[PDB]
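As structure tokens, the structure follows; a few thoughts come after it.
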Amino acid sequence: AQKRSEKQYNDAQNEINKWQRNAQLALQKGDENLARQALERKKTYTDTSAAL
Amino acid sequence: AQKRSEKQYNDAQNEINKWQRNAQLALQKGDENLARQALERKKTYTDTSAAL
Amino acid sequence: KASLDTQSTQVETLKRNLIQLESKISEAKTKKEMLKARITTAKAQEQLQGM
Amino acid sequence: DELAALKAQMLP
Amino acid sequence: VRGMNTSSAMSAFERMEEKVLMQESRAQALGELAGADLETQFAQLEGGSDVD
């Protein structure tokens, strides 16, 4: 169970990184809306990771 | 039954010798952790042999 | 002609969807094979652990 | 104590 | 796409959970064997042998 949680935690970190790439891509694109979605996801994910 | 006990006692002595070799090997290896496991085994085995 | 254009557009959309659907089932099939492989490995581990 | 003994053995 | 409960999606999620759980369970069993000193001792000997 702990390993699954660790995997989930690892997945969350990976998910955050993927979201970060999108945010970086959005900046290059110059579209504000794409960037906003990524930021919200990072904050909730970080909180979940801390709890885990 | 006595013969079995004697065999067990002999086996314990043999087991201790095997553990001793590992401890000697650990010293050559230079790893402290391997040595610690061998020492604990020798003490309990010796007590068991004395009781037998 | 207008009807034909509408039909062609619908067919093209359907074809694109079908291709996407086709890609998805193949991936699932590949995943199933991978899943089966994982299961076999687990069975081997149990026998080894007991001995 | 065992660790200390091991260190002594290691030194030789 | 949705990942919502479905005839195919539900089955896939259940299947995914089972294999992951099995892998985690297998690892836990493996870890106990790994924890023992004797298994570790063999590896150290093997590494020296491999270099030679």
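Read-outs: derived from the displayed coordinates by stated rules, not from any lab. Positions of Cβ are backbone-derived with ideal geometry, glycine not excepted, and every protein chain shown enters the neighbour counts.
Return yes or no: is B:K29 closer than 29 Å to E:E46 by Cα, within 14 Å of chain E (Cβ to nearest Cβ), touching a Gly at 6+ places or on another chain (Cβ under 9 Å) and surrounded by 14 or more Cβ atoms within 10 Å (Cβ to Cβ)? Answer is yes for this residue. Considering only residues in region E:1-39 that are among the hydroxyl-bearing types (S, T, Y) and either in a loop (DSSP other than H, G, I, E, B) or more than 21 Å from the chain's Cα centre (by Cα) (or both), the one that is surrounded by the fewest Cβ atoms within 10 Å (Cβ to Cβ) turns out to be E:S7.
Scan region A:1-26 for residues that are away from chain E (no Cβ under 13 Å) and touching a helix residue (DSSP H, G or I) at 6+ places or on another chain (Cβ under 8 Å) and the total you get is 11. Within region A:17-38, the set of residues being more than 26 Å from A:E6 (Cβ to Cβ) and either within 11 Å of the chain's Cα centre (by Cα) or in a helix (DSSP H, G or I) (or both) comprises A:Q24, A:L25, A:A26, A:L27, A:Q28, A:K29, A:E32, A:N33, A:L34, A:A35, A:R36, A:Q37. If you go through region B:39-51 and keep only what is under 12 Å from the mean Cα position of the chain (by Cα), over 17 Å from D:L6 (Cα atoms) and exposed (fewer than 12 other Cβ atoms within 10 Å of the Cβ), you end up with B:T44, B:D47. Going through (1) under 26 Å from E:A34 (Cβ atoms); (2) without any contact (Cβ under 8 Å) to a residue 24 or more places away in the chain one by one, B:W19 falls short only on (2).
Each row is one residue, and each column tells you yes or no for (1) surrounded by 10 or more Cβ atoms within 10 Å (Cβ to Cβ); (2) within 14 Å of chain E (Cβ to nearest Cβ).
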position: C:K1; (1), (2): no, no
position: C:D5; (1), (2): no, no
position: C:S8; (1), (2): yes, no
position: C:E12; (1), (2): yes, no
position: C:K24; (1), (2): yes, yes
position: C:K31; (1), (2): yes, yes
position: C:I39; (1), (2): yes, yes
position: C:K43; (1), (2): yes, yes
position: C:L48; (1), (2): yes, yes
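Might you let me know whether region C:25-48 holds any residue that is of a type in the set (D, E), part of a helix (DSSP H, G or I) and more than 25 Å from E:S8 (Cβ to Cβ)? So far as region C:25-48 goes, yes, one or more of its residues are of a type in the set (D, E), part of a helix (DSSP H, G or I) and more than 25 Å from E:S8 (Cβ to Cβ).
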